[PDB]
Structures are given as structure tokens and as C-alpha cells.
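Here the Cβ is made from the backbone with ideal geometry for all residues, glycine too, and neighbour counts use every protein chain on show. A short reminder: the numbers here are calculations on the coordinates, not readings from a lab.
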Amino acid sequence: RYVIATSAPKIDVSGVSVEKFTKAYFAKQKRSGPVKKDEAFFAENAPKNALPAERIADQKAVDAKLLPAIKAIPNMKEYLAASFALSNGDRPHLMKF
Amino acid sequence: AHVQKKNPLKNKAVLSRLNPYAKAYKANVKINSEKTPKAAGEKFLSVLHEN
Amino acid sequence: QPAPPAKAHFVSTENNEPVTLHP
Amino acid sequence: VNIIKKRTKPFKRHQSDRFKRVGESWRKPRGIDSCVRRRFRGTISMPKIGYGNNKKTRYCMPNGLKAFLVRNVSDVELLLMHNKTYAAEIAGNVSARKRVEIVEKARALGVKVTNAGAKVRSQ
Amino acid sequence: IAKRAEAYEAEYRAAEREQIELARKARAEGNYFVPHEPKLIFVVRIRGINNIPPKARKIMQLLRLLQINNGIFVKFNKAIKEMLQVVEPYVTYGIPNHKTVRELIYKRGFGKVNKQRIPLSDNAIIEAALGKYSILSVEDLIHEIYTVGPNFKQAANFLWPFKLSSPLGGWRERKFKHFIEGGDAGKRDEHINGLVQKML
RNA sequence: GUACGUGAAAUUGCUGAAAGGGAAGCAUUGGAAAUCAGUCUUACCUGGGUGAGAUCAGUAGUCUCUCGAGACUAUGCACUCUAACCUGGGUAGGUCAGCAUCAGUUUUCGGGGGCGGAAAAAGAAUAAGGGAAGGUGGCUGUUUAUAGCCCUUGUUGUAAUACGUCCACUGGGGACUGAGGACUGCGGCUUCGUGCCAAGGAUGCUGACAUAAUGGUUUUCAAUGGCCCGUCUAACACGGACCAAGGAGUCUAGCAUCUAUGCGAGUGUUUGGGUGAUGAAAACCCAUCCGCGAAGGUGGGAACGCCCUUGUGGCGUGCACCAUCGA
RNA sequence: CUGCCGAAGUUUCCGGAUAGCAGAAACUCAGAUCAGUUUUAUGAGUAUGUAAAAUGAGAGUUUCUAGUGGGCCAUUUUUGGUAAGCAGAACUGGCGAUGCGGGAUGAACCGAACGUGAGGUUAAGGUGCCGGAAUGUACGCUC
RNA sequence: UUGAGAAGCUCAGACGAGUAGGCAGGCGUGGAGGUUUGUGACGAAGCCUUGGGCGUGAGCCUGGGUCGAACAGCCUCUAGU
């Protein structure tokens, strides 16, 4: 619902394996209360919740197998990097998406 | 029994509970074709277009 | 018991042609 | 069942805000000259049986447990089988010692004591 | 029940088919054709309970009318027609087609058992009260109601007065003058159809 | 601190915060400030190992009750059980946000097709005939020519659309509600064991939070409403400076109704007498008077038998009460 | 303090009555016992009353017991009336006991009769601003 | 399936102004008998409160401050309520 669909030209997603993602893929990392050895009241640490090596790896992977696809469509690499912002003088209902 | 008043026009399950005919209706039967004939008498059209 | 109202019937106009009036 | 109130502002006897002799507890007016009795619009409302609340979520605190005055240590014992529908409200004149022993036993029965903290400063 | 329904459903067409046929004959012949008259009428109240003459107050009691916007199914004859004219500025009647006689007993169909208002959401609700007159379901009840039969009095006393809402889209402009000068009161004939397709 | 137990209201002064453009007062919905509460503190639940023993002992004794049921004192802590510690795995209620498939009520866009009228009228295209003009080309006057128009019929027609309906035909969009609490039922799909289902009222998937998100309560602001109370008989008049405490259908006799209880052709001890060691004016017992009172048939009809037309109906006994003829 | 039922405000005789309206029990009948009602039939000089069809609805009997015989209007006949009002008799309703939307505020006007709320839809009346809703559509009027 | 305070429990419909009047259930105050193995100098009653809670309401329960000797709930009786 918080996505506005767009009739902008499409691409090929047959090369990317989206079935790797499931509803447990984006599940949060389970706070789980690992034993803190109650002295932890004093000493504090942090895992920096860093993105694991698996996430940064596939991010390079899935992008590498769609970047040439949007390179084929002109004005598409630079269509993505911009943002959307309606302006005074525009009215979303009558404009087409 | 009967906690809610279900509507047999807008619910398609209570309708079949009340009316065991919804499995054969065929509301729109093609009882005519291209060959429909005009049936308009001359003396009726004379009293029609009179005055 | 009540006297029932009137069902349908034809009425031929070969001897009685409908005349046109004006108010 | 979530508790609900049909009204939250209590009723307030007519012109009991102006005069200090007239108290705020409700008294139905008795004169047919009255604007209020004839129920003219704009005047204050009245207690009626319409504002009666749900017959199951009545007498319940906003949490859901009804109250119960426990005035000694064997009045909280009856609440052993009713710890999820009653809150052990301690009575007001109970001493600040007999109070600290109801709390230590109601806590074993899992009963919510609503005002266990009175006169009891903890260390 | 379906064996009764198949008989009824084909019969509604087979009487609607002939008035298609029996007018296609006369109009192509020069003959004229009065129709099978309305024998059912459907009366919907228009005015409240305030400032009603006592003569017209009794009559609307004798037509199960105790509230503004109540429809009832009543048998239409001479002694009904002269009774409606004396309550004419407080009611509104007209011919119901087969669709309103369906949508009023499927949506707002409430029976009368033990002087209680019990809905028509089960055939056993109808079989209990009207079993002894061979009425077995809503479809038997619709046939007996709309195609007037002998038990129509014994079936119109079953259904409650049809308590309807105010018509989506409103009434006309000024309500309590006779229908034939704008407004809506008295007979509406086929246009009581397009009034129930608003309240319902 | 003798202006002395507690020390309410009117009422007065100071301090703090507000508000106030020839009216405040209050009610409703909320903003701002202040402040308050909520269990959320933690708890829960699940294995192994280590130790402890008891309701355990292929165990010995005491007492109270009734063979064994509890309370015990030994001794072991094996077999069972629970349980402290160490070791590990999984796991709210509280509030507020979403989103999904639903149910109820409802509103607003459509999509498709039947069925009807002059089997809509038009119209288009195409053959006849007729007519003319607000007279075109041509020459003010004329009849399709170098524009065309109208009327009638044929034909494309076995026409479209519109209008009025109907679909137990279909795509969506928004809104409020979630009452009830094992299964009982009506149903539909099944897949032949079943089970499942939009089918007798909501469940599921997540996310924020306890130096907290919501929720209140006060002062005030905004919007909208709001003729001063009681007695009178539209306004009035009459009462009202305010606060506190007092203050008005009570007791008794008689009569009648209703209800309750005790006894019942009876009923009522208390004028008295007897008794009462523990308020002995109580309770309890009671003589002789006395007061009030003191079975006729015929029709229904409550109920109950026997029925056999299941019932219906028949058939018998018929209370109170009511008619009918007896006295 | 809350809840339930809830009138008359006119008689009929003689301040007392009876009836009525509201009530309590007992006891009747599930029937044609009824009905501020409409049909059809008989008559009667479109109206009049009488009886057995429609339509609805369960009806009935007494016993014992409170309040109540004020009026303000609106409705139509209406005779006496006239500069001009009007005066009076009868019928029907409201209000008295009734709040609510409009009618700018008003009891006699238009709608509507009320438990506590949410969501929808309307009546009356409205949609230029105050004021929630079309400076909408159509055709004719007016200086 | 336990929901037998049968004075309880449970299912379903309709209804909701109200004057004189009629009926019913409750709230509160002072004393009396019974009861709470009742509360109280670790603070009873009272009083005040920009605190919280319940009931439709009469009212009740409670936190904080003040204060200093008595007091309340339940079932009945009683009225100078």
C-alpha cells in the first residue's frame, strides 16, 4: 500500500533468484535474550548489528545481474537514482502513474 | 441460534441454504435470434399516428 | 364473500373505431 | 472483554456550581416550571437507566479485575481461586503493620493489591 | 422444495411470456387488451404518528402500520381500494414486480412466531408456522404471496410489517401531495418498484 | 501557648500561575500548561548433570482416631517423586500502530448479456415514385442541373442505439462495527475414511513501548449551544446577600381493606395469680369470668379416570362460581 | 436515587351521585367475543340507519380505588348581524402531560413524539457569505 | 461443560417522554440484639485535597496531608432518620 505502482518501462528479473528470500529471510535477528551473566548491569557491549557477510555479498550479486538490464533501457540508470517529489502546480489524481 | 442476520442476496452461502435452486437458474436464455419479425399492424399504426 | 375484480379480455374495434377528442 | 464506560463525567446537581449551599450530588428537580425537568436542550443531562454499563464489565477497574476490601490477613485468603477477576483493595483504617503482612501473602496468591504501597516505605 | 421452485420459476416467465405474446397479437391486429389486473398491493407509510385524524388512525392500525416507512403486503380488491383512499395522504401503494417480492422477503423477511419477530433465515422457521397450508420455504412463500392464492391472508399475517429505511437519494421534492402532481402519495402503480430499490 | 482538643464553610490579606475590547456562570468536543495512575517488574515454561529427603524404603518404633487415616521419632535416601545449584534450547499478558482473508451494515465507480416499445422512433446505405422550397446551378421568375431538401415505399434488416427493466452475472474503492465463546444445526464442496468451507457474530502475519506510547483530572482557549431558582396564575408578583447547625404527615385510640403467621368451631396467657438466685420490670406457667363467632334435581364448569375415530370425539365422576326450576 | 403503569380536564342527575378515562385481584371464553374502520345487501328521501364480507387484534365479567367536570386556541357549518368589525350554537382536533429539526428568536405554522452510543439514510427547510450544502443545469419574466 | 444462591442459570422478541396519581427496588443518618477467631497509638472518627476507583443515581471504596481515641461491614429491630 505504501508503494505507488508506476508504468515506467520494465526489466528482466528472470536472472535473479528471489526464492532465496522468504518471510524468515527478513525476520529480525531474534533478541532471544542470550545469557548476560547478570554482572552485565555494569559492563556494556554492542554487536554493532552489522549487516552480515551474506547480505553485502548478494547485494553485489543481484545488482550485477540487473544493472546491465537497466543499462539497455536509456534514461533508466538515471531514472532510479533520482527521487519523486510533486510540486505546487501539480495534483496527483489527474496525473497518470 | 441465529446470532447474525445473514443476507441471502449478498452472502452466497446462506442463499444456497434457503433456496435449493441456485444450482440451476440460467437467468439469461436466448429466446430470440436475428430473425425477430416486426408485428405492427397497419390499422394500429393508423390510429397511432392519427393527430 | 367479496365480489372479485375484473380479469383481462380483448375488445375488438371493427364496429367501434376509437374517435379522437379534444379538451 | 475490554472495559467501557457509557459516561465519564459524573452528574452534577443543577446550579450546584453557583451556590455553595447546594451540593454537587445529583438531585432530580421537582418543579414543572423547571427548564431542566422538561429537558430543554442546552441544559445539563440527567441520570437515567440508559447510561447503565455492561452487565459483565461492571464494577471492574480499567484493568479488568473488580475490587475487594481486605481488612485483615484472612480476607485475602478467599481470593485464592479468584486472582484473575478480583483485586484486593486494602481497607483504609488497617494499621501500617497489618498492611505489610497482607501484601507479603497476597503476593503469594498472585492477587493484585491495588494500594499495597501505603505507609510501607521499602528499603 | 426445488421441485416446487422449478414449477414456480418457469411459471413466472410463462405468464410474463404471454403478456409479451398477447400484446404482440392485438397491437399487430388492431385489437385492444386490458391486462390481468393488480391483485396484490404493497403499502408504504409516508407520515409519522403525529396529527393523524382518529378515523385514519384506526385504518393504518388495521394495515399493520405503526411507524413511518413500513411496507406490508395486502390483498387488493374493491373493499381495500376504497379503504386506501381515506388514508390516501398517509400511505403509498403500487404493483410489486417479482424482484421486490424477492428482495423484501430475503433481506427484510421476518416471521411471526409466538408473537415474536423471528427472521426467515431457515425453512424450518416457515415450515413450523405455515406447514398446514403446504408452505414449505421462502420460494413457496414468495409464490403464495406474489401469485395470490387462497392462503394469502394466512401468509400475510406471517410476515412482519416490512420496516424499511429512508430512500437513498431521498424522496421527490415536496412529499405529502398526491403523486400525480409530483410529490409521492397515493397510488404509484409500477413506480413503487423504483421506490423499494432505494430503501432496500 | 489559656484568643489554648480536632478547627468545616462563608469571609478577609499575601504569594504563584492565568483570564478580562459597554458580562461572567454551565454543558459538549478537543488544543496548550501542570500533574496522576497503570504490576510490567520480571515472570513463565522445558532437558541433562550434581547434591539434598519423604508422602520412597523386597525397612524398624510411639501416640490420637478408625484393617488403615493422619502426626511423628529413628535409619537408608537405593526404586519412585519433588526439589537447591551448574549446564543448555524454545516460549507473553499491557497499550498503540499497521496489513491481510473474512462476517454484518453501507456508500461510490464500473463491466457483460438477456427481455420489452412502432419487435423503440431515428439514422445510415441503396432502389422507386411524389413534392417543393427559406430557389441551388442555371434564367424577379423556375424544380436538380455545376447545391441539395422534403414526402411515400422497397431494400441493406433477420439493423444499431436509447429508454424501461431483469441476471440466484462480474471487477473494484472507501467507511463504521468484531457483540457471542468446546461440539450440537442447516447447508455447499468433496472424495468415499474423511475432511474442508466465506456455512449459528474475527482471526491471522508483523511492528513500536516501560527516564513509555496511550489514558485521564485540573486552569484556560477555541467552536456551538445555554433566559434565574422555588411558589404561584405570558410576564409577573412573592421568596432569595452568603455560610453553617436546627427545621416540618410523628405518637395514641377506634373502624375498614389487603397481606403474613398461629390455632380452627373455635379463638384470645399478661385484671390478676404462680414462678423467676445467673437486669427478677425479662422469660415461663395458669385457675375463675369474660369478649368476638358459632341437607334437591337439571345445565355448565376445575380437575381426574375409561375409551378408540391416536387424537378429535365418545364415556363416567363433577369442586368453587354462575343459570334453571325445588322448597 | 432509580425504574414501571399513567389519565380526565365533558357529561348525568341531585357540593354529593353515577358513568367514563387509569388502575388491582378473582373468574370467565380461544371464539366470530370484539373493532373512533372499510365493503356488499335491505330499506330510507350523494347522503340516512339497519344485517351478514374484507381487514386487522385475543376478547369479557364483575368485585375495590385514586385523580378529574379549567380553559387557550385551530376546523367547518351557522343564524342574528354592518360604515367597520362582530355576537352566539354545534363538530373535530392540538395543548394542557411534549422535549427535538426548521419557521431569524415566538406554543398555537411546517416535519417529527425522546433510553445510552457508533455508522448510514431522510422529513420540514434549504445550498453567495454569516451557515453545514450547486455563484448547479433549463427556459421564460422584471427596472 | 461443572451456568442448582431454582430467590440461580439461560435463550428470544417487542418496548423506553410523562402531569395528578398508583406500584417496586434500593442509598444514607442516630441508637438496639446477633455476627465478622472485625479495624485501631505502627494512628479510630473527623477534616482538607490541582490523586486514583466503582455505581445509571442516591452513595461508597481508596492514596496524600492534618489529627488524636475510639469505630465500622453483614442479617434483623427501631426512629426526634
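In straight Cα distance, which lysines are under 16 Å from D:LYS6, not counting same-chain residues fewer than 8 positions off?
Once the sequence-local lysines are set aside, what remains near D:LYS6 is D:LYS48, D:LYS55, D:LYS56.
Can you give the FRET efficiency to the nearest 0.05 for B:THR36 and E:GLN61, using r as the Cβ-Cβ distance and R₀ = 51 Å?
0.45
If the viscosity is 1.306 mPa s and the temperature 10 °C, what translational diffusion coefficient in µm²/s does Stokes-Einstein give for the range E:5-112 when Rh comes from Kirkwood over Cα pairs?
For these conditions, the coefficient is 97 µm²/s.
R0 = 56 Å: FRET efficiency of D:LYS84 with E:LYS132, Cβ-based, nearest 0.05?
Calculated value: 0.55.
Can you give the Rg to Rh ratio for the protein assembly as shown, taking only C-alpha atoms and Rh from Kirkwood?
Looking at the protein assembly as shown, the ratio lands at 1.15.
Let me have the 222 nm mean residue ellipticity of chain B computed from DSSP H runs of 4+ only, each contributing -39500 (n - 2.57), with the sum over all residues rounded to the nearest 500.
Taking each H run of at least 4 residues, the total per residue is -5500 deg cm²/dmol.
For the protein assembly as shown, build the charge dipole from Cβ charges (+1 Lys, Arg; -1 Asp, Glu) around the Cα centre, then report which of C:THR13, E:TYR93, A:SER32 sits farthest towards its positive end.
Comparing the listed Cα positions along the dipole, A:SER32 ranks first.
Cα centroids of the range E:48-81 and the range D:83-123: how far apart, whole angstrom?
Cα centroid to Cα centroid, the span is 67 Å.
Tell me the mean residue ellipticity at 222 nm calculated for chain A from its helices only (DSSP H runs of n ≥ 4, each -39500 (n - 2.57), averaged over every residue, nearest 500).
Estimated from H runs of four or more residues: -6000 deg cm²/dmol.
Using Cα springs under 10 Å in a Gaussian network model of chain A, which residue among A:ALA57, A:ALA43, A:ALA81 shows the largest mean-square fluctuation?
The residue with the greatest mean-square fluctuation here is A:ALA43.
Once amide H atoms are built 1.01 Å from N in the peptide plane, which residues 5 or more positions from D:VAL113, or in another chain, come under 5 Å H to H?
Correct list: D:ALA88.
Take chain D, connect every pair of alpha-carbon atoms lying under 10 Å apart with a spring to form a Gaussian network, then pick out the residue of D:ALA91, D:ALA106, D:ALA67 with the largest mean-square fluctuation.
Its mean-square fluctuation being the largest, the pick is D:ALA91.
For the range D:5-52, give the magnitude of the charge dipole about the Cα centre (Cβ charges: +1 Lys/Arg, -1 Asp/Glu; no others), in debye to the nearest 20.
Using only the charged Cβ atoms, the result is roughly 120 debye.
Please give the residues of the range E:18-36, grouped as numeric ranges, whose backbone N is less than 16 Å from a label point set 7 Å along the Cα-to-Cβ vector of E:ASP189.
So the set is E:33-36.
Remind me, relative contact order of chain E in percent, using alpha carbon pairs under 8 angstrom and six or more residues apart?
Computed over chain E, the figure is 24 percent.
Computed FRET efficiency, Cβ-Cβ of D:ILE32 and E:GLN116, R0 51 Å: what is it to the nearest 0.05?
0.85
Could you identify which residue out of A:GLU39, A:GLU19, A:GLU54 has the top mean-square fluctuation in a GNM of chain A using Cα springs shorter than 10 Å?
Top of the fluctuation ranking is A:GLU39.
Considering amide H positions built from the backbone, and no H for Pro or chain starts, which residues 5 or more places from E:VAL43, or on another chain, come under 5 Å of its amide H?
Here the answer is E:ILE72, E:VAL74, since their amide H atoms fall under 5 Å of that of E:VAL43.
Using θ = phi - 60° and the Karplus relation 6.51 cos²θ - 1.76 cosθ + 1.60, list the HN-Hα couplings for the range D:102-115 in order, rounded to whole Hz, with x at every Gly or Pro.
With coefficients 6.51, -1.76 and 1.60, one gets 5, 4, 5, 9, 4, 5, 6, 7, x, 8, 6, 8, 6, 10 Hz.
Show me, for the range E:148-164, the HN-Hα J-couplings you get by feeding each phi into the Karplus relation (A = 6.51, B = -1.76, C = 1.60, θ = phi - 60°), rounded to Hz, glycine and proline as x.
Listing the rounded values in order: 4, x, x, 8, 4, 5, 6, 9, 6, 7, 6, 5, 5, x, 7, 7, 10 Hz.
How big is chain D in terms of Cα radius of gyration and Dmax, in angstroms?
According to the Cα coordinates of chain D, Rg and Dmax are 20.6, 64 Å.
May I ask for the equivalent-ellipsoid semi-axes of chain B, computed as the square root of five times each C-alpha gyration tensor eigenvalue and listed largest first in whole Å?
48, 17, 7
Arrange the following residues from fewest to most other Cβ atoms within 10 Å of their Cβ: E:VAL44, B:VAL29, B:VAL3.
Ranked by crowding around the Cβ, least crowded first: B:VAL3, B:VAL29, E:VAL44.
Past 31 Å, Cα to Cα, is the threshold; run E:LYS25/E:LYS99; D:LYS66/E:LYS107; E:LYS55/E:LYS153; E:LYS75/E:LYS107; B:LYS6/C:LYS7; A:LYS23/A:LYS48 against it and keep the listed order.
As for pairs spanning more than 31 Å Cα to Cα, those are D:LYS66/E:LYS107; B:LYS6/C:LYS7.
Only bridges whose two residues both fall in chain D count here: according to DSSP, what percent of them are antiparallel, nearest 5?
Given both bridge residues lie in chain D, the antiparallel proportion sits at roughly 10 percent.
Can you tell me, using C-alpha contacts under 8 Å and at least 6 residues apart, the relative contact order of chain D as a whole percent?
With pairs under 8 Å counted, the relative contact order is 18 percent.
Rank these for me by crowding, E:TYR93, D:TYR86, going from fewest to most other beta carbons within 10 Å.
Ascending number of Cβ neighbours within 10 Å: D:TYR86, E:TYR93.
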